[PDB]
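Visitor: to kick things off, part of the complex as it is:
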Amino acid sequence: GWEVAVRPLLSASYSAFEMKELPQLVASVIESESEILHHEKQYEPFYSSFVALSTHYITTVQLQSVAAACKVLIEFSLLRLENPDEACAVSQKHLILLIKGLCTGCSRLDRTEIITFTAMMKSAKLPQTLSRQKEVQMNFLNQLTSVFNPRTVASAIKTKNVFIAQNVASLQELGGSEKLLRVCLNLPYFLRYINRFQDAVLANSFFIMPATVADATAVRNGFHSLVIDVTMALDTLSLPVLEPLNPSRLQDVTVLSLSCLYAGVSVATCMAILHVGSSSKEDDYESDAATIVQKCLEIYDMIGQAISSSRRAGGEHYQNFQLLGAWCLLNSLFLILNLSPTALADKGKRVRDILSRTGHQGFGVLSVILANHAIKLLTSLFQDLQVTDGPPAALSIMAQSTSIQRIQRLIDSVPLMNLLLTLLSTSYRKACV
């Protein structure tokens, strides 16, 4: 039965996990494998919560069976992250943290959620409401059929290392890298940012629309979903799912990272506009803006590091990545520093229109952070340049160009010297004030 199968988790929910309770849990997970992936709607939350508790208790601490069970759970979480159904007891975010935790040292789930998971455990109805020789022979057959590594990869650290190696091998076997990247690309909230980046790169111009103060407020009040999305995307990108950098995979990765940087730039512009136009809610808003911009920069840096060190993408792609990042950051800085105090802000109730048509109470910590990252990209590019008036370097990761072409494209986008002197003056004035 299933009641006796879930009994060890019910007993252990009030304590740690007894060592003697693990092998039968593994046996039950392997035995029901044929059914776990195929279920009706009303049993689904029960099985989701059971999987959550099982994974949690496995990660808190014969290796072949554990690896098989972990592979089964990873497969379950994978197709649960692909489909996700409305009535899933565990949302997509906790599935992402669970998959990460099985590949790491179990520092994702918290008690505040497993209490609700056990409550749902009790409140859910069984499939068949919750409110020695056979196992040895199976283990013998499992050890006989396949050979565990062991040494191809003090005691606690090596057991943890082999556990992580087995788990990541199982994850890669299912091809979860492509599925995770696909699920991260077609997010319901990053979609607008990705589309905006596509239009900006196609039209050669830079777009930001916090627009007026009212539009800035409208963009606000939905910031918490953006925080959740950026956190989950960062956790997904922290997993080793990026190694086979095919050209299409490269394009997808740069699209995702650059759109995330675009989102950070946009929230920075929104906060600056709000401050120019002008409790606990405002403090929450500013803390959330700081968190999202920091996470966006972290994602950008992680993607850049992955691109630079990869054995399929080399120096040219890293240079193009740095050029795109610097272009976005510099255009953003020019836009935010061109904000009027009251004139254009009130009369408004792009960068090409601003250039065609052509008080520094904006700025802030976000502006400083963006300027620092832009200056790092710029010094890297200029150090590269140091060692025929052609076209500006194409804004694609697969393009070929020289350093002079990239610098000339940056100059064509924005007058750099005047901009730099403007930020220097404004920053010193703010510091002295």
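Guide: Perfect, I can see it now. Numbering: from 1, shown residues only, chains lettered A, B, ... in the order given.
Visitor: find the centremost residue of chain A, please.
Guide: The centroid of chain A falls nearest to residue A:233 when counting by CA atoms, centre = their mean (1.7 Å).
Visitor: so what's that one up against?
Guide: Applying CB atoms under 8 Å, 6 or more residues apart in numbering to residue A:233 gives the contacts A:184, A:187, A:190, A:256, A:260, A:299. Using the backbone N, CA and C atoms, a C-beta is placed for each residue, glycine as well.
Visitor: quick check: the farthest pair among these?
Guide: Largest separation among the contacts of residue A:233 by CB to CB: A:187 and A:299, giving 13.1 Å.
Visitor: so between these two, which is more surrounded?
Guide: In this view residue A:187 and residue A:299 are compared by other CB atoms under 10 Å, and residue A:299 has more residues nearby, 22 against 17.
Visitor: nearest residue to that one in space, please, no chain neighbours.
Guide: residue A:260 (4.9 Å; CB to CB, 6 or more residues apart in numbering).
Visitor: how many neighbours does that neighbour have?
Guide: Using other CB under 10 Å as the criterion, the residues surrounding residue A:260 number 28.
Visitor: what of residue A:172?
Guide: Residue A:172 - counted by other CB under 10 Å - has 15 other residues nearby.
Visitor: where's it, which helix or strand?
Guide: Assigned by DSSP states H and E, residue A:172 falls within helix A:155-173.
Visitor: tell me the buried residues in that helix?
Guide: Neighbour counts over helix A:155-173 (16 or more other CB atoms under 10 Å) mark A:162, A:163, A:166, A:167, A:168, A:170, A:171 as buried.
Visitor: which one of the residues you listed sits closest to residue A:143?
Guide: For the buried residues of helix A:155-173, the nearest to residue A:143 is residue A:166 (14.4 Å; CB to CB).
Visitor: now the residue nearest to that closest one when sequence neighbours are not counted: which helix or strand?
Guide: In space, residue A:166 comes closest to residue A:67 once its chain neighbours are excluded; the distance is 4.2 Å by CB to CB, 6+ apart. Following DSSP H and E, the helix or strand that holds residue A:67 is helix A:63-82.
Visitor: that helix packs against which elements?
Guide: On a contact count with 3 or more CB pairs under 8 Å, 6 or more residues apart in numbering; DSSP states H and E, helix A:63-82 meets helix A:22-31, helix A:33-36, helix A:44-59, helix A:92-102, helix A:133-145, helix A:155-173, helix A:176-185.
Visitor: could you redo the last one with a cut-off of 7 Å?
Guide: When contacts are defined as 3 or more CB pairs under 7 Å, 6 or more residues apart in numbering; DSSP states H and E, helix A:63-82 sits against helix A:22-31, helix A:44-59, helix A:92-102, helix A:133-145, helix A:155-173, helix A:176-185.
Visitor: give me the distance between that helix and the centre of its chain.
Guide: Helix A:63-82 has its average C-alpha position 21 Å from the chain's average C-alpha position, going by CA atoms, centre = their mean, to the nearest Å.
Visitor: stretch A:307-320 too?
Guide: 21 Å.
Visitor: what sits against residue A:328?
Guide: Residues counted as contacts of residue A:328 (CB atoms under 7 Å, 6 or more residues apart in numbering) are A:258, A:261, A:262, A:265.
Visitor: name the element the third one belongs to?
Guide: Same thing as residue A:262. Going by DSSP H and E, residue A:262 is in helix A:247-277.
Visitor: contacts for stretch A:169-189, please.
Guide: Contacting residues not belonging to stretch A:169-189 are listed as A:67, A:70-71, A:74-75, A:78, A:81-82, A:103, A:225-226, A:229, A:233, A:236, A:241, A:252, A:256 [CB under 7 Å, 6+ apart].
Visitor: and chain B on top of that:
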Amino acid sequence: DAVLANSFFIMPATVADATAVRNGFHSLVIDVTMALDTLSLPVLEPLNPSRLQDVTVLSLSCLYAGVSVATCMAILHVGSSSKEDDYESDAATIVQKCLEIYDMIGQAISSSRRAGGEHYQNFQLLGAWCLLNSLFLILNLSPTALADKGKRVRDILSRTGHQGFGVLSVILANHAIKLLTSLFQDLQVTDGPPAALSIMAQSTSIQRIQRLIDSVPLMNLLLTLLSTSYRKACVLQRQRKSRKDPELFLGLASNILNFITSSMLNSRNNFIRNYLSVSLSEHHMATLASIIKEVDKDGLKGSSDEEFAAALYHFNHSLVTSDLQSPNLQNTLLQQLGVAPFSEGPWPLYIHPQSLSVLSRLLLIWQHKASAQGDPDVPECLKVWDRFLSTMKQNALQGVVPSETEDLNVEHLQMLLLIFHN
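Guide: With chain B added, the chains above now look like this:
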């Protein structure tokens, strides 16, 4: 010329030509030292395509020179004071400096902001190609037959005792195995042309590995190095009771075996598994059986022996379990081991642990497959039980008291009982 002709050239030629190439080793030493010092300066950063071509030309030619001096020293040793000691020290120094130059150039290419992963892959491919061709050439040296009758690699392949080898061979094999494991780990994550041997070429990992296979039959070469290295290590260990120590050769053997297990046996790719299934031969099983007999007869000796035993155990069981060897190959292995289920002599009542492990693994796999499919009882198990009973009955009739290492260790009895239960 070698890259243009798709072939590999080394001409130490005979002993006289080897001596003629020698006696000029001091100039080569001074040249490699000055080249290494020049390459140590920061004068490599702007890697234009032409500069890349020049750098790879220089580094690969230096590696070629190290390979050539290694071949010359090996030929001199096969053919056969302070001068000889100076010559061997010079050879060691020049090969070490050549390897250092190659590694420095490779690291510079990998970390450069103008040359990326593809160029590093091509660099590794060229290095591995040169190293493997050199190893094949040196390990195919004849003792006296072709050496005296001679008074390339394509002619050798067209026309088709191991007192050569040495420390230089071990170092070259180690570097080649490092390049090979890097390339195969790259592969892991349409029968086209082999990958071009140019630093600017575009190719997939399958293409590079297939080019390496085309140049030299890899599996036979690797097994030959494993066998020769273990033989030299065991001979040196017997004589004892860098060259004077046997742990180096034992480590090389363990490393090559571990490479074979991790990169090929556990590989998921279909093409490499097909190649492994095609390229396994009965002579390889005979060599493996002789290695097993040596390791079980010698017994536990030292820590390096423990590591080599672990590697051999892992290789044996991975080969047995992962369904590449055809059944006749398994029968050949058992027959060579002397524990063939269809033999006619008395059943050996004492089985050494390694042979017992492999035999039990094979028999239990057969029994499990037969039970799962529905086949009636496998004739091999019935035959082994019958032969055990007949031998034991004969010994009972003769009233013979065996020795402590002669009949019926306990693990053998447990294994037979487990067979009986199924």
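Visitor: back to the neighbour count of residue A:172, now that we've got chain B?
Guide: 18 (other CB atoms under 10 Å in any protein chain shown).
Visitor: please disregard the earlier target; I meant residue A:337.
Guide: Burial of residue A:337 is recorded as 17 neighbouring residues (other CB under 10 Å).
Visitor: would you check that it makes contact with residue A:424?
Guide: No - look at residue A:337 against residue A:424 with CB atoms under 7 Å: they stay out of range, at 11.2 Å.
Visitor: where do the helices sit along the stretch 51-200 of chain B?
Guide: Under the criterion DSSP state H, counting those that start in this stretch, the stretch 51-200 of chain B contains helices at B:82-111, B:117-139, B:145-149, B:154-159, B:167-188.
Visitor: for residue B:196, which of these is the nearest?
Guide: Of the helices of the stretch 51-200 of chain B, nearest to residue B:196 by CB to CB is helix B:117-139, at 8.5 Å.
Visitor: give me the buried positions along the helix holding residue A:262.
Guide: A:249-250, A:252-277 (16 or more other CB atoms under 10 Å in any protein chain shown).
Visitor: setting aside sequence neighbours, what's the nearest residue to residue A:395?
Guide: Distances taken as CB to CB, 6 or more residues apart in numbering or on different chains put residue A:201 closest to residue A:395, at 5.3 Å, once the chain neighbours are dropped.
Visitor: sorry, that was for residue A:93
Guide: residue A:232 is the one closest to residue A:93 (CB to CB, 6+ apart), at 5.0 Å.
Visitor: please apply the same query to residue B:120.
Guide: For residue B:120, ignoring the flanking residues on the chain, the nearest one in space by CB to CB, 6+ apart is residue B:110 at 4.5 Å.
Visitor: gap between the closest residue to residue A:349 other than its chain neighbours and chain B?
Guide: Excluding the flanking residues, the one nearest residue A:349 by CB to CB, 6+ apart is residue A:212, at 5.0 Å. Residue A:212 sits 44 Å away from chain B, going by CB to the nearest CB, to the nearest Å.
Visitor: what residue in the stretch 251-400 of chain A comes nearest to chain B?
Guide: Closest residue of the stretch 251-400 of chain A to chain B, CB to the nearest CB: residue A:314 (1.1 Å).
Visitor: quick one: that residue and residue B:120 touch, right?
Guide: No - applying CB under 7 Å, one finds residue A:314 not in contact with residue B:120, separated by 8.1 Å.
Visitor: tell me the contacts of residue B:17?
Guide: Residues near residue B:17 by CB atoms under 7 Å, 6 or more residues apart in numbering or on different chains: residue B:11.
Visitor: secondary structure element holding it?
Guide: Counting by DSSP H and E, residue B:17 is found in helix B:15-21.
Visitor: buried ones in that helix, by neighbour count?
Guide: B:15, B:18, B:21.
Visitor: ok, the second one - contacts?
Guide: What that stands for is residue B:18. B:12, B:72, B:75, B:76.
Visitor: the first one: neighbour count?
Guide: It stands for residue B:12. Here the number of neighbours of residue B:12 (other CB under 10 Å) works out to 23.
Visitor: how close does it sit to chain A?
Guide: Taking CB to the nearest CB, one finds residue B:12 at 36 Å from chain A.
Visitor: thinking that residue is in contact with residue B:21, fair?
Guide: Yes - between residue B:12 and residue B:21 there is a contact under CB under 7 Å: 6.0 Å.
Visitor: and the residue in chain B positioned nearest to chain A, what does it touch?
Guide: Closest approach between chain B and chain A, counting by CB to the nearest CB: residue B:116, at 1.1 Å. Contacts of residue B:116 were listed using CB under 7 Å, 6+ apart, and they are A:313, A:314, A:315, A:316.
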